[PDB]
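One structure is given below, encoded as structure tokens.
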Number of protein chains: 4
Amino acid sequence: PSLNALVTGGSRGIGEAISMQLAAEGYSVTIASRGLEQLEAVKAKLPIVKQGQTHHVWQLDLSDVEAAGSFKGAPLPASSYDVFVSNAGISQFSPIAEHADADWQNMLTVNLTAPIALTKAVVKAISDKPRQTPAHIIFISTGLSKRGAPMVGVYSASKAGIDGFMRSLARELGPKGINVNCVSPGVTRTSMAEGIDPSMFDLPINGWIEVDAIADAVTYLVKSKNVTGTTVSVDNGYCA
Amino acid sequence: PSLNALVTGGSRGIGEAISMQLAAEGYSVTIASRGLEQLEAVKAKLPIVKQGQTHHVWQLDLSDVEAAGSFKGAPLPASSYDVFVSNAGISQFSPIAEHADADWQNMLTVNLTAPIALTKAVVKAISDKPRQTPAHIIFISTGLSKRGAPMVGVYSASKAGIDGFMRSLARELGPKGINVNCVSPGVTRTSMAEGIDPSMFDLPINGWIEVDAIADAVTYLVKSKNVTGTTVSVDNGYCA
Amino acid sequence: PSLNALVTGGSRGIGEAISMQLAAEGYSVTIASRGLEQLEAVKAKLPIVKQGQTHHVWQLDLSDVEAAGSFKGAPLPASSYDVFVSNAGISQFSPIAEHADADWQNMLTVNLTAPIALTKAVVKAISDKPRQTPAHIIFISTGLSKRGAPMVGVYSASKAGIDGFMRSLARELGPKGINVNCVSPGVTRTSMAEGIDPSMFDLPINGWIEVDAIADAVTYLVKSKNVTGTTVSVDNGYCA
Amino acid sequence: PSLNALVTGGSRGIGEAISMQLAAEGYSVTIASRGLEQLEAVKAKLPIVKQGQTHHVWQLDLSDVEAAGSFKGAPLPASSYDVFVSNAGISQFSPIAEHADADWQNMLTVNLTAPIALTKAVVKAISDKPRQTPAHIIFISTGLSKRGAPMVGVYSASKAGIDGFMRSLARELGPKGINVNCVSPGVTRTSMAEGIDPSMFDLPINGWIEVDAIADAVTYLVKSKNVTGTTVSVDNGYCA
């Protein structure tokens, strides 16, 4: 009964929270990102609550679309996964006129192109497997994909892309028993919010969101059966 | 520690399941609707898990806006509530041209005007009360408020109105420590599904939604603190 | 060949501008609102650009749902109309807790209930008339129906309800040759914006919108035949 | 006084229609795409209505991001443009599990990465230029960016990405006198719709949309000054 979950960006931040909660719920968590020693440290702290439950690391750089799509170096085959949380990502703030090409192109690759490739691999491997209860693909998006802001043009594009991907995959994959959703965080207390503050946004709830709140939404989704094609916004009201 | 939750339409269907789950979580639930025999029956089954937790019935016809706004006959004052779930509603299916005025006007009053008056009362009563964590106002909407369909003009209008109200209230009330959201069901196995069935719709997930799936989303929201101004859709991909 | 258009709130503001543009385009315009002498003054100024074109006035108080729904006092029967622009409206700013019941209830009736009744009457009268090109039903909404703000709960709910109504009517009436849309103004230089200012909002385009710009969107829609179920937002980027 | 307009994909289909309309309105039109002889044929057919109006061709493959971002081979400097319509695009229908990588990657690049690069070049060149009325950037998106469908995962992602870009840029660039919007076509009678049919979709208006209808929305937007951050949907109801 321990099912496998793949969580990109599980070495820190929201992805580590997500991985922690899924482990406490009995999932066997594969965490994937670049920083191998950090992934090892997280893996060693993920709880073990069920017989058979095993956690894994995958050193994967999402700049490398071919590696992502081919499950290069992955500890388990793509066919093993019942849950895929696409959480890794990069944010860059710049006027579009001054945004260095190597940077925004890299961000688009990590945030959109590599997730497409990973999703394709997982879907190919699991579409026709029999299941009692739905598999789950969950993308971590951002309030910025739905409400525009200055200086985040390509970032917003990348995540809006994910949202459109999600909607269409939900329609495609519902009849195969795969449910597909986004969780959309607001300003969360992670390294990604170094140099920004919740007060620069027009927020109904004026403060920081903890990583726990984002993982709570993921856990809600993974436990659900009738939710697909949607976003769950955990954003202190930003998109209101 | 037992907080008070008001659930309109708590005597059957989705409202019964929401009441059962809030009660399991420790809330003292007041259920409000017309049918006194059925309200007493549900009250008797609501879980008691915390010392001091007690449930209540309120015989209330939401076509009487003045009774609703003044908490006429209520067991507790509006000031007592930390959760209000506005669930009661009527649905009518008709070409607009043939929709009897008395019918659509009563549906608009139950589904939108009465919830505005209830919400006013609660907000006036609780806005300045000190709270450690936010109070919750949660409206039960429908997929039809976001994606149009034939023969549901006024039903859609009433629930889209609720949505609009929700988003403005979330902006207004966030600084007062009240979070406001909608949960949007799809075609769920209730008395309202005399008339319609999941096959009439093009659904990513075929089949009926059970009432507890809708209540799961309400439960998730009540336990959250960083979610406001949103819809949680539990619709089998209807709005995807 | 002068087609007939009905514009509620034609006596000043947006509705006057809409009436002026449709008259310059050759429509025979019926302007409806409470101020009969004001309506007569506007009708006397509406351009006459071809033979057969005639304008008309309707003294109509949208607080009276039955008068609206029966076309009481209308100069032409509902069957005469090819274009219906639902423009008249009231806005009220208040904290929900302090919003006087007679005021918000009247605003809900003028902005939502009366328009449903007018729309029913028109649809009943023209649904089965043969048409070479589509008839148009166009509601004037507001950016606040899509992006929440404080102090506008019931105003927002009324206009969001119009949006929901529009989307369902577009689905119901497209196969009958009636296209149904909204135009959504932002802060426009009318009597409604006395005491507010474009600067209170967080606008990409920081200044006033002239009533001409709203009318231009209505003109575009009335000449269109493949646009239905949509909002055309003319809001200086409010909803961006 | 002929303003310049850049139209990608101006050799056929919607882009040809847009170029024709802008040319009849007095714009000097640069049409850009791969097929040079086809471009020259269209340029020869573009109306000349005004002294000073000149049309131009640019051979540009949007699979080459560096070419696009550098204006390689362009007839005029990026600083010459008052209107940029990003219309070129590719659609591909496939189950995601079977969607060839070279195909979906090239689609993403032509639909999203290369328009980002072009936009960057235009914005850098014109941001600080003095203007009496706004410049316009217009992206051609699709109903599929907003309402999911099976077999169009990456296509939808690419266009939803453009929508997210658009909303961010509208916020960024509004204060610079640049308005930014999308036009969203439905099933339109072009080479992209060979194989697909309006009857495969659940349409309020069951028929083909002509290219003229899409161009009419573009024309409306180019003549507007208070519209930014929005989509104009010309989709026969698809998104309703």
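Here is the naming used below: chain letters follow the sequence lines, and residue numbers restart at 1 for every chain. These values consider heavy atoms only, across backbone and side chains, with no hydrogens, waters or symmetry-generated copies.
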Does a side-chain heavy-atom distance below 4.5 Å link D:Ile162 with D:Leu112? yes

Would you say the side chain of B:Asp216 lies within less than 4.5 Å of the side chain of A:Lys223, judging by non-hydrogen atoms? no

Distance in Å, D:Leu62 CG paired with D:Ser86 OG, rounded so as to fall on 0.5 Å steps: 7.5 Å

Check whether more than 12 heavy atoms from other residues, nucleotides or ligands sit under 6.0 Å from atom CZ of A:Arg131, and answer yes or no. yes

Please determine which of A:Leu39, A:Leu6, A:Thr30 meets the side chain to side chain contact (heavy atoms under 4.5 Å, CB included) test together with A:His56. A:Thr30

Quick one: does any side-chain atom of A:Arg189 pair with a main-chain N or O of A:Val211 as donor and acceptor, under 3.5 Å? no

Nearest heavy-atom neighbours spanning A:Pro175 and A:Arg171: CD-O, 3.6 Å

Between A:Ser80 and A:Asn4, do the side chains contain a donor N or O and an acceptor N or O under 3.5 Å apart? no

In short, A:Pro115 meets A:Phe165 closest at the heavy-atom pair O-CE2, 4.4 Å

Pair up each side-chain donor or acceptor in residues 149-160 of chain D with any protein partner under 3.5 Å, not counting sequence neighbours, and list the distances.
residue  : atom : partner  : partner atom : Å
D:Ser156 : OG   : D:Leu144 : O            : 3.3
D:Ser156 : OG   : D:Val152 : O            : 2.7
D:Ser158 : OG   : D:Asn111 : ND2          : 3.0
D:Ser158 : OG   : D:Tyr155 : O            : 2.8
D:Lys159 : NZ   : D:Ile140 : O            : 2.8

Measure across B:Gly229 and B:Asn181 and return the closest heavy-atom pair with its distance rounded to 0.1 Å. N-OD1, 3.2 Å

For the residue pair A:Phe201 and A:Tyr238, categorise the inter-ring angle as parallel (less than 30°), tilted (30 to 60°) or perpendicular (more than 60°). perpendicular

Hey, can you tell me if A:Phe139 and A:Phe84 have their rings parallel, tilted or perpendicular (30° and 60° cut-offs)? perpendicular

Once rounded to the nearest 0.5 Å, what's the spacing between atom CE of A:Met107 and atom CD1 of A:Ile90? 8.5 Å

So, B:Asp82 side chain and B:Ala135 main chain: donor-acceptor pair closer than 3.5 Å or not? no

Can a donor-acceptor pair be found between the side chains of A:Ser11 and A:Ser33 at a distance below 3.5 Å? yes

Go through the steps for A:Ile116 and D:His99 under the test side-chain contact (heavy atoms from CB on, under 4.5 Å), then give the verdict. CA-CA 11 Å; A:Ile116 291 165; D:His99 199 158; over 6 Å; no

Any idea which heavy atoms bring A:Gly143 and A:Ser184 closest together, and the distance? N-OG, 3.1 Å

Could you walk me through whether B:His136 and B:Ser224 pass the side-chain contact (heavy atoms from CB on, under 4.5 Å) check? CA-CA 9 Å; B:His136 285 97; B:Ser224 78; 4.0 Å; yes

Is the closest side-chain heavy-atom distance between A:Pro185 and A:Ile14 below 4.5 Å? yes

Show, in sequence, the C-alpha distance, side-chain angles and deciding distance for D:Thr113 and A:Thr113, and conclude whether the side-chain contact (heavy atoms from CB on, under 4.5 Å) test is met. CA-CA 10 Å; D:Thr113 316; A:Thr113 319; over 6 Å; no

Got D:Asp163 and D:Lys146 here, is their nearest side-chain heavy-atom distance under 4.5 Å? yes

Just so I know, are the side chains of A:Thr230 and B:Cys239 near enough to count as touching, which here means a heavy-atom distance under 4.5 Å? no

What are the two closest heavy atoms between A:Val122 and A:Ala78, and how far apart are they? CA-CB, 4.3 Å

Is there a donor-acceptor contact under 3.5 Å from the side chain of A:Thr231 to the main chain of A:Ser233? no

Partner set under side-chain contact (heavy atoms from CB on, under 4.5 Å) for A:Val42, not counting sequence neighbours: A:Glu16, A:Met20, A:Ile31, A:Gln38, A:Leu46

B:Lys225 atom NZ, neighbour heavy-atom count above 12 within 6.0 Å: no

Does D:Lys120 pair with A:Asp101 as a salt bridge, N-O distance under 4.0 Å? yes

Does the side chain of A:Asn206 come under 3.5 Å of the side chain of A:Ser199 through a donor N or O and an acceptor N or O? no

A:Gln105 and D:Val65, any side-chain heavy atoms less than 4.5 Å apart: yes

Closer than 3.5 angstrom, by distance alone: can the side chain of A:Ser2 be matched with the main-chain N or O of A:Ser28 as a donor-acceptor pair? yes

With side-chain contact (heavy atoms from CB on, under 4.5 Å) as the test, would you mind laying out the steps for D:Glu172 and D:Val123 before giving the verdict? CA-CA 11 Å; D:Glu172 184 175 318; D:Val123 171; 5.5 Å; no

Nearest-0.5 Å distance, OH of residue A:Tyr27 to NZ of residue A:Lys50: 9.5 Å

Would you say CD of D:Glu66 has more than 12 non-hydrogen atoms from neighbouring residues, nucleotides or ligands within 6.0 angstrom? yes

Rounded to the nearest 0.5 angstrom, the CG-CE distance for D:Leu173 and D:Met166 is 12.5 Å

With a 4.5 Å cut-off on side-chain heavy atoms, are A:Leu3 and A:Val83 touching? no

From C:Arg147 atom CZ to C:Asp202 atom CG, the distance as rounded to the nearest 0.5 Å: 9.5 Å

Quick one: pull up CD1 in B:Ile205 and CG in B:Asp235 and give me the separation to the nearest 0.5 Å. 8.5 Å

Could you pull out the closest heavy-atom pair between A:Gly9 and A:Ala88, with the gap in Å? N-CB, 3.7 Å

Do any N or O atoms from the side chain of A:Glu25 and from the backbone of A:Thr219 form a donor-acceptor pair under 3.5 angstrom? no

